[PDB]
Amino acid sequence: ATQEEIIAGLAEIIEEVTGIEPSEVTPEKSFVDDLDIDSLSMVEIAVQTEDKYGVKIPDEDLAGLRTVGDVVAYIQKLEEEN
Amino acid sequence: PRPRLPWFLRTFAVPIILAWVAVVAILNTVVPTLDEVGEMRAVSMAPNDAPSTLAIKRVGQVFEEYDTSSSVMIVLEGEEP
Amino acid sequence: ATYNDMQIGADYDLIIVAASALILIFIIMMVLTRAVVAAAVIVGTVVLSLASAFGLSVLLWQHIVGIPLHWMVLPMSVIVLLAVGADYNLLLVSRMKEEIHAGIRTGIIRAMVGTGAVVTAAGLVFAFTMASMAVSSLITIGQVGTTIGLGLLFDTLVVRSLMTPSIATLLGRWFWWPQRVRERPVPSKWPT
Amino acid sequence: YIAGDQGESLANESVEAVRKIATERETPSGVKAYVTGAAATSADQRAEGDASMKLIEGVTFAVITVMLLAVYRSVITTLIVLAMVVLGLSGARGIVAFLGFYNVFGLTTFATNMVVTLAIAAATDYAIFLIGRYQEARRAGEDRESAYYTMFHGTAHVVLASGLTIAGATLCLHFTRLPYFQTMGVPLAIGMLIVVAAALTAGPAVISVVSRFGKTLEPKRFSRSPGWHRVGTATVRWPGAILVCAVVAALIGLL
Amino acid sequence: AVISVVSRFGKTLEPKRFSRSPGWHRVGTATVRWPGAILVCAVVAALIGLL
Ligand SMILES: CC(C)(COP(=O)(O)O)[C@@H](O)C(=O)NCCC(=O)NCCS
């Protein structure tokens, strides 16, 4: 879908995992220090995304992804990969 | 559309608490405490089917000395013989 | 021979008690959960906890303290450990069914958070309660309390936290057999 | 040889009577009477449990109290939990003693001590589940009215099933050849039923009333458990690795 | 006969409280709309004395 829509779903998921506001989460923000999100927390985000939006992100790709936009771009790439 | 059972525990909550207090009050006053009653109802640890308990009792029956299975010993320990 | 009679009676009773307790708990969990496999997992996981629990109590008294466990301790501890252990699993399992609606994988996470320190606090208190028996001058009563208390710590921290969720993840739909449950719902579109 | 069998209350009286005369006599200097026997050892075994029963009751509460304070982080909430525990114990002590006085079933020291502790612990756990779920609803934002109904809806049947499981397990203890185990299933089964009835009737009634009087049953921590989110996530994606660790712990006890 | 004679000689038997009953008015409402709930409470009280 649209980049903004993917963020909206992901930002909602991020709020459930940790508590970061959906408005606070922007594609520029990174899980390293901008979001202060550990790898384990990111793993749970993928699990929730897989069981809600059907987007499967393997842990190998989880390490590669750095910022929210990077995650969205990969996820939007999966949308392209029909 | 509240369920009846939790609602009955809420609308009539006050009388329900009083009943339990009233019930407990009767139990302690009418019947002695657990320790006092428990000692009276002390059951024998020796089972009926246990041959060893029966054997000791059987000896007393034939010898016409006793009919029990429990005996105690009194030791007269002295400083000197 | 009387001690042997106690021994022979205990050996027969322990087997009968163990078998009878497991069957009754199996049916009760089966009735409420309405799933044959789910009840089996609940019963199966508890039995594993007792095996680990038994060794710790033996180590605590027979090895560390040096006073051997009383023969009556084991039959008494079996029922209590089985009874309480099944309850904590049931609390988590029942919550899982209340959360399995939105995906099996996601539902498990919600159940753990839904019943976390809550069951842990209750599990800890029960164990402490059993340990508080030891204060009894009679060691036989003390041994019974310690044996049951140690098991509750293992059940609350290992079986409930790790063993039970892991098994349900592997089985997926089979965990709730014969009830038909989807592994995951229909994938959703990204909201505006 | 004295009247009564080992374990029977009459034997305890017989041991007491024989030892009484042995003590109440003019023993020669140095010479002292020493009454000893298998029945005497069992008779004094009963007394130790009954005598220490008071101390066990005091310690059990002290431990629970402190534990309740830390979990709820509120003195007022702690007293509410303790109130339900006392009522649960009082009902358990009464009925078991009530029926025993009419010779409905026998009672042993092991049975009596186990009846007391089990009832106290079981009652405490049942209260935590109700209140813990209630505070969870409060953290979800539900009002004091809807939280009560949600609490009872999601915990009553679970508590009911858990209580029957404990009562059912104690029932199997009756089917034993040995007297002590056989005479202990009935007292335990009845005792547990009272607590379940009390917890499902006095429990919700107290929670319904107390919540209306100011900020009492509302939580105060309002904090998550960071460990649980990490523990659950590992099981969801890697259950085998977690399961092996669980299996390893079981093998340790087998040693 | 006593009531008839006295009532005519002064304001004797006229009521002095002149107050309605708030306790009975509310209880009657409960016993009508929810007869089962009230009856169950009544039955419980009877069973208490049987101990
Ligand atoms: C997630 C991971 C495997 C890798 O993290 P990293 O990539 O940030 O080193 C590890 O750091 C981790 O688990 N961190 C969270 C701590 C925790 O309690 N994990 C529990 C799951 S076993």
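Given contacts defined as C-alpha pairs under 8 Å and at least six residues apart, what's the relative contact order of chain C, whole-number percent?
28 percent
What shape does chain A take by its C-alpha gyration tensor, where a ≥ b ≥ c are the square roots of the eigenvalues and a/c under 1.5 counts as rounded, a/b above b/c as prolate, and the rest as oblate? Write down the numbers at each step before the final one.
On the way: a/c = 1.39, a/b = 1.25, b/c = 1.11.
Since a/c stays below 1.5, the shape of chain A is classed as rounded.
Just counting partner chain Cβ atoms within 10 Å, what average do the residues of peptide D:143-151 show around their Cβ?
That works out to 2 on average.
Under the rule of -39500 (n - 2.57) per DSSP H run of 4 or more residues, summed and divided by the residues of chain C, what mean residue ellipticity at 222 nm is obtained, to the nearest 500 deg cm²/dmol?
Mean residue ellipticity at 222 nm (helix-derived): -23500 deg cm²/dmol.
Toward the positive end of the charge dipole of the protein assembly as shown, about the Cα centre and with charges on Cβ (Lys, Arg +1; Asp, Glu -1), which of D:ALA119, D:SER162, E:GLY23 goes farthest?
Value computed over the given set: E:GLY23.
Taking the alpha-carbon centroid of each part, what is the distance from segment D:226-251 to segment E:30-51 in angstrom?
So the separation of the two Cα centres works out to 52 Å.
Given the options D:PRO219, D:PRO187, D:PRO239, state which has the largest fluctuation in a GNM of chain D using a 10 Å cut-off (strictly under) for Cα springs.
D:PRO239
Using the alpha-carbon atoms, what tilt in degrees (0 to 90, nearest 10) does helix C:117-131 show relative to the longest principal axis of chain C?
10 degrees
Rounded if a/c is under 1.5, else prolate if a/b is larger than b/c, else oblate: which is the protein assembly as shown, with a ≥ b ≥ c the root eigenvalues of its Cα gyration tensor?
oblate
Check which residues have an amide H placed less than 5 Å from B:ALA42's amide H, if you skip close sequence neighbours.
Result for B:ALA42 returns D:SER9, D:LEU107.
Return the loop-located chymotrypsin sites (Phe, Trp or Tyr not before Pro) in segment D:163-227 (DSSP other than H, G, I, E, B) with at most 10 other Cβ atoms within 10 Å of their own Cβ; answer none if there are none.
On the way: sites: D:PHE175, D:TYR180, D:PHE181, D:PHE213, D:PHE222; in loops: D:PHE175, D:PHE213, D:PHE222.
Counting only loop positions with at most 10 other Cβ atoms within 10 Å, the chymotrypsin sites (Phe, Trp or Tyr not before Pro) in segment D:163-227 are D:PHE213, D:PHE222.
Can you tell me which of D:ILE64, D:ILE131, D:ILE242 moves the most in a GNM of chain D? Springs connect C-alpha atoms under 10 Å apart.
D:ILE242
As a quick test, which of the pairs D:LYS54/D:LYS220; A:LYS29/A:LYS56; A:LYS52/C:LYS97; A:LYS29/C:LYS97; C:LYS97/C:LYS189; B:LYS57/D:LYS54 have an alpha carbon distance above 27 angstrom in this structure?
Long pairs (Cα-Cα over 27 Å): D:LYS54/D:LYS220; A:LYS29/C:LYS97; B:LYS57/D:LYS54.
Reachable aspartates and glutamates from A:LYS77, Cα under 19 Å, same-chain residues fewer than 8 places away excluded?
Cross-link targets: A:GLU4, A:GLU5, A:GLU28, A:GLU50, A:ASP51, A:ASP59, A:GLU60, A:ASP61.
Calculate the FRET efficiency for A:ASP38 and D:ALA241 from the Cβ-Cβ distance with a Förster distance of 25 Å, rounded to the nearest 0.05.
0.85
To the nearest 500 deg cm²/dmol, what mean residue ellipticity at 222 nm is calculated for chain D from DSSP H runs of n ≥ 4 alone, each contributing -39,500 (n - 2.57), summed and divided by the residues?
It comes out at -28000 deg cm²/dmol, rounded to the nearest 500.
Taking only complete DSSP H runs, can you tell me which helices of chain D stretch 15 Å or more along their own long axis by Cα positions and average at least 1.0 on the Kyte-Doolittle scale?
In chain D, the long hydrophobic H runs are D:75-101, D:179-210, D:239-254.
Among D:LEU69, D:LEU130, C:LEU69, rank each residue by its count of other Cβ atoms within 10 Å, from fewest to most, as a rough exposure measure. Provide the component values of the computation, followed by the final result.
Numbers: D:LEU69 15, D:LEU130 24, C:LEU69 20.
Ascending number of Cβ neighbours within 10 Å: D:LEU69, C:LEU69, D:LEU130.
Cut-off is 10 Å between beta-carbons; in what order do D:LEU200, D:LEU193, E:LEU51 appear when sorted fewest neighbours first?
If I rank by nearby Cβ atoms, fewest first, I get E:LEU51, D:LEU193, D:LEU200.
What is chain C by shape, rounded, prolate or oblate, if you read a ≥ b ≥ c off the alpha carbon gyration tensor as root eigenvalues and call it rounded for a/c under 1.5, prolate for a/b larger than b/c, and oblate otherwise?
It is prolate, given that a/c is not under 1.5 and a/b is the larger ratio.
Under 8 Å for C-alpha pairs, at least 6 residues apart: give me the relative contact order for segment D:1-129, rounded to a whole percent.
23 percent
With +1 on each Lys and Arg Cβ and -1 on each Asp and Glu Cβ, how big is the dipole of chain A about its Cα centre, in debye rounded to the nearest 20?
160 debye
Give the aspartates and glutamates whose C-alpha is closer than 15 Å to that of D:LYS32, dropping any in the same chain fewer than 8 places away, or say none.
Result set, ordered by chain and number: B:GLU77, B:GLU79, B:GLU80, D:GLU24.
List every DSSP H helix in chain B whose Cα atoms extend 15 Å or more along the helix's own long axis and whose mean Kyte-Doolittle hydropathy is at least 0.0.
Counting only whole DSSP H runs, the qualifying helices are B:13-30, B:51-63.
Would you work out the relative contact order for chain A, in percent, from Cα pairs under 8 angstrom that are 6 or more residues apart? Display every interim value, and only then the final one.
Working: 79 pairs, mean separation 29.7, N = 82.
Relative contact order of chain A: 36 percent.
Fewest to most neighbouring Cβ within 10 Å: what's the order for E:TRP34, E:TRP24?
So the ranking, lowest neighbour count to highest, is E:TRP24, E:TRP34.
Just to be sure I understand: with springs between alpha-carbon atoms less than 10 Å apart, which residue in C:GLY66, C:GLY123, C:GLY44 has the highest mean-square fluctuation in the Gaussian network model of chain C?
C:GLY66
Amide H to amide H, which residues 5 or more places from D:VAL35 or on other chains are under 5 Å from it, using H placed in the peptide plane?
B:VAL75
Taken together, the values in this text are just the output of simple stated rules run on the coordinates, not laboratory data. Virtual Cβ from ideal backbone geometry, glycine too; neighbours counted across all protein chains shown.
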